[PDB]
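Okay, here we've got a single chain as structure tokens, the form deposited in one PDB entry, with questions on binding and movement later.
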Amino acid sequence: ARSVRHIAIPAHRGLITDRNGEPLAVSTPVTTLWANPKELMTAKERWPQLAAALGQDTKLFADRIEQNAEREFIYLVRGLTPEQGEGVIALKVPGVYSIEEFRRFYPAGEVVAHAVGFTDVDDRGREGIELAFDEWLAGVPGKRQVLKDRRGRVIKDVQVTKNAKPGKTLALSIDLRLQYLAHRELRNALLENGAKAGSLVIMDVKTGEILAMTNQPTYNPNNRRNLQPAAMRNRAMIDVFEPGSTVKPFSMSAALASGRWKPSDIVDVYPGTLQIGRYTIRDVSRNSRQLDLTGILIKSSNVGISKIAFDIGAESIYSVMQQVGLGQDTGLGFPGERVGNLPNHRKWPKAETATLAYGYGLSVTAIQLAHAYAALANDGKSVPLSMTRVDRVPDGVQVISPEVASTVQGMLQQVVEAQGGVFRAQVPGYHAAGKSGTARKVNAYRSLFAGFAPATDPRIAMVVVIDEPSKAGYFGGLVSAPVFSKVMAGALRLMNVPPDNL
């Protein structure tokens, strides 16, 4: 006949911003039209104008209402403007109503879709930060008591039991200016190199903050139809790959920390191959005999780093890689985030000792690799990762000794600046440092560059990953390295970092 009933008051979901307060996810009022079938069933002569106004075929609309003739609630159409959502109301159809609802809009769209993620039709976090921080963002719905007549129509608002509480604002670590730059340059790089996909991560080496995180391909989170699963992947956190030669600076850190190696020491890598039983370690360039430790990194000699690894033992190398976080949980709690795999042994065999040292048979994410380089850049101290703005920086862990870290930094500056080095990674006006990698996938390759700058007082670490570029010959520092140069140049300028190569 008629009942007093309690119902929800929806909460205003919290604003997501970038680190400087630029809006990334905003709850915006949209007009929704709904209907009460029991009321509609008393006004059937109105149905065709209501259908016509909603762009619906008259018969299909009529069937829908007849089938739901004992329900008290259906949506007619959601996400209209006030002008549209009153245009139907002007018809004054019995049992037809408008409400303002909150739904998400993403002002930067595709540029930060992977990091931010999205909400569903019910305004609850479904992907990315929206999911990860849903409790923070959602707030608590209110509650009102309401008298409903025989048909379910609200005739009295009797009393509000609980007020709604809005969600909390969340400021990300991301700097939208760096994010745009990274987004544009990664996109342009895929085109110029004919690549399938890629990732770019920028980190603050002093604070642990992820300043940028972009992938190709990407998607518009405001227009999610025809949406591919591949386009939605935040590849920087949920794809694993073999890091290859980009781990060599960690092998070198172990070497310098052992007491047995200095940069000017020599290793004989002739004839560019080395047999270990059935396996054969093979260098990309095979016209070398004696190389010093910097030369091994410049030439990216797998044989050279393998011989160092035999001398110092795999255990020291594993420990450096473990401590810098390769194949280890980041603690960010991003949905689908992968940990990868740094294999361990009780007793390391010779073949596995070599392959560990040049990053073969290891599995990492782009965020892990960036974090490892941030530790190296931050004079050997690892600051915990953050996807949110860090005002009070947590204590870091000293993972490589400061002197060893500084020596390796110097060697990586030479990798970029010295004769025969990765000259295209050079950043105009600054000294930069880094290491190239090329990884077989099983004809099909990943091109990698990881580095930091300014070399003499590091501020920013960066990883560029380009998945399957279309170059026949040697990548030769011309695929991922120029992307590092362009994005690092822009990032240092936007953060007002003083040039150190005047």
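Throughout, rigid core stands for the largest set of C-alpha atoms superposing within 1.5 Å between the two forms. Numbers for residues come from their place in the sequence shown, where the first is 1.
Not on display, but discussed next: the form deposited in another entry.
No residue of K156, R124, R282, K350 other than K156 has its CA displaced by 2 Å or more between the shown form and the other one when the core is superposed. Positional change of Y97 between the shown form and the other one reaches 2 Å or more at the C-alpha, relative to the superposed core.
Core-aligned CA deviation for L172 between the shown form and the other one: less than 2 Å. Once both forms are fitted on their core, a CA shift of 2 Å or more is seen for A53 between the shown form and the other one. Between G473 and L200, the C-alpha separation shrinks by 3 Å or more in the other form, relative to the conformation displayed.
Cα-Cα spacing of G473 to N215 is reduced in the other form versus the present form (difference of at least 3 Å).
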